[PDB]
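As provided, run-v4.csv (CSV, C-alpha atoms) reads as follows.
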```csv
chain,number,residue,atom,x,y,z
A,1,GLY,CA,-13.9,-9.2,0.6
A,2,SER,CA,-13.1,-8.2,-3.0
A,3,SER,CA,-12.2,-5.0,-4.8
A,4,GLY,CA,-9.7,-3.3,-7.0
A,5,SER,CA,-8.7,-0.1,-8.9
A,6,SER,CA,-6.2,0.9,-11.5
A,7,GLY,CA,-3.6,3.6,-10.8
A,8,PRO,CA,-1.1,4.7,-13.4
A,9,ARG,CA,2.0,6.9,-12.8
A,10,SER,CA,4.2,6.5,-9.8
A,11,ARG,CA,6.2,8.9,-7.7
A,12,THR,CA,6.7,9.1,-4.0
A,13,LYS,CA,9.2,10.1,-1.4
A,14,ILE,CA,8.9,8.5,2.0
A,15,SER,CA,11.7,9.2,4.5
A,16,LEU,CA,11.4,5.6,5.5
A,17,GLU,CA,9.6,5.3,8.8
A,18,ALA,CA,6.1,6.1,7.6
A,19,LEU,CA,6.7,3.7,4.7
A,20,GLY,CA,8.1,1.0,7.0
A,21,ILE,CA,5.2,1.5,9.4
A,22,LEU,CA,2.5,0.9,6.8
A,23,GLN,CA,4.8,-1.7,5.4
A,24,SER,CA,4.5,-3.6,8.6
A,25,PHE,CA,0.7,-3.5,8.4
A,26,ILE,CA,1.0,-4.8,4.8
A,27,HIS,CA,2.9,-7.8,5.9
A,28,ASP,CA,0.4,-8.1,8.6
A,29,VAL,CA,-2.9,-7.7,6.7
A,30,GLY,CA,-1.4,-8.6,3.3
A,31,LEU,CA,-2.3,-6.7,0.2
A,32,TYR,CA,-5.9,-5.7,0.7
A,33,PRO,CA,-6.2,-2.4,2.6
A,34,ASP,CA,-9.7,-1.2,3.3
A,35,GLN,CA,-10.9,2.4,3.0
A,36,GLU,CA,-10.4,2.3,6.8
A,37,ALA,CA,-6.9,0.9,6.7
A,38,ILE,CA,-6.0,3.5,4.1
A,39,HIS,CA,-7.5,6.2,6.3
A,40,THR,CA,-5.2,5.0,9.1
A,41,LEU,CA,-2.2,4.9,6.8
A,42,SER,CA,-3.1,8.4,5.6
A,43,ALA,CA,-3.3,9.4,9.2
A,44,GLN,CA,-0.7,7.5,11.1
A,45,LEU,CA,1.7,8.6,8.3
A,46,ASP,CA,-0.3,11.7,7.5
A,47,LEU,CA,0.0,10.8,3.8
A,48,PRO,CA,-2.8,11.1,1.2
A,49,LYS,CA,-5.0,8.3,0.2
A,50,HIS,CA,-3.9,8.3,-3.4
A,51,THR,CA,-0.3,8.2,-2.2
A,52,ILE,CA,-0.9,5.2,0.0
A,53,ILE,CA,-3.1,3.6,-2.7
A,54,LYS,CA,-0.6,4.3,-5.4
A,55,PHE,CA,2.3,3.0,-3.5
A,56,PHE,CA,0.4,-0.1,-2.7
A,57,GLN,CA,-0.6,-0.7,-6.3
A,58,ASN,CA,3.2,-1.1,-6.9
A,59,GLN,CA,3.3,-3.8,-4.3
A,60,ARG,CA,0.4,-5.6,-6.0
A,61,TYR,CA,1.8,-5.2,-9.5
A,62,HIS,CA,5.0,-6.8,-8.3
A,63,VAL,CA,3.4,-9.7,-6.4
A,64,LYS,CA,2.5,-12.3,-9.0
A,65,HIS,CA,4.6,-15.4,-8.7
A,66,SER,CA,4.1,-15.8,-4.9
A,67,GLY,CA,0.5,-15.8,-3.9
A,68,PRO,CA,-1.7,-16.8,-0.9
A,69,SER,CA,-1.3,-20.0,1.1
A,70,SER,CA,2.4,-20.4,2.1
A,71,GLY,CA,4.2,-22.9,-0.1
```

Turn the structure described in the file into structure tokens.
Amino acid sequence: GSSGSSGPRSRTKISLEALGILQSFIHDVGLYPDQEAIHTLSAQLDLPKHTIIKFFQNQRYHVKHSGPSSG
């Protein structure tokens, strides 16, 4: 697969759970959610796509030093 998209601005307020949940999937899948995964995140959590997307973007932006392939 391969895809990307910019997303400026940032502002969210997740109690924790929801966040944590999707968070688990992130550490499971990685950092490449599909329109389907997002849909599930927007459902399971009941959050908007933009929200999930945005939030994620943050994770990506951060991740830089550490990449794929452990080590």

Please provide as an mmCIF file with C-alpha atoms, keeping the file's coordinate frame all residues within 7 Å of region 47-63 of chain A, with the sequence filter that same-chain residues fewer than 3 positions apart are discarded (counting all atoms listed in the file).
```
data_model
loop_
_atom_site.group_PDB
_atom_site.id
_atom_site.type_symbol
_atom_site.label_atom_id
_atom_site.label_comp_id
_atom_site.auth_asym_id
_atom_site.auth_seq_id
_atom_site.Cartn_x
_atom_site.Cartn_y
_atom_site.Cartn_z
ATOM 1 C CA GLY A 7 -3.600 3.600 -10.800
ATOM 2 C CA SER A 10 4.200 6.500 -9.800
ATOM 3 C CA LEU A 31 -2.300 -6.700 0.200
ATOM 4 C CA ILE A 38 -6.000 3.500 4.100
ATOM 5 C CA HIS A 39 -7.500 6.200 6.300
ATOM 6 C CA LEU A 41 -2.200 4.900 6.800
ATOM 7 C CA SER A 42 -3.100 8.400 5.600
ATOM 8 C CA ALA A 43 -3.300 9.400 9.200
ATOM 9 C CA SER A 66 4.100 -15.800 -4.900
#
```

> Could you work out how far CA of residue 40 (chain A) lies from CA of residue 64 (chain A), giving the answer in Å with one decimal?
Replying inline: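 A separation of 26.2 Å between them.
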
> What gap, in Å, lies between CA of residue 19 (chain A) and CA of residue 67 (chain A)?
Replying inline: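 One can read the CA of residue 19 (chain A) to CA of residue 67 (chain A) distance as 22.2 Å.
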
> How many Å separate CA of residue 71 (chain A) from CA of residue 24 (chain A)?
Replying inline: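 Going from CA of residue 71 (chain A) over to CA of residue 24 (chain A) covers 21.2 Å.
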
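With all atoms listed in the file as the atoms that count, the residue of A:65, A:45, A:70, A:36 with the shortest distance to residue 16 (chain A) is A:45.
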
>> Using all atoms listed in the file, can you tell me which of A:35, A:2, A:44, A:69 comes closest to residue 17 (chain A)?
In response: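 Under the stated criterion, the closest residue is A:44.
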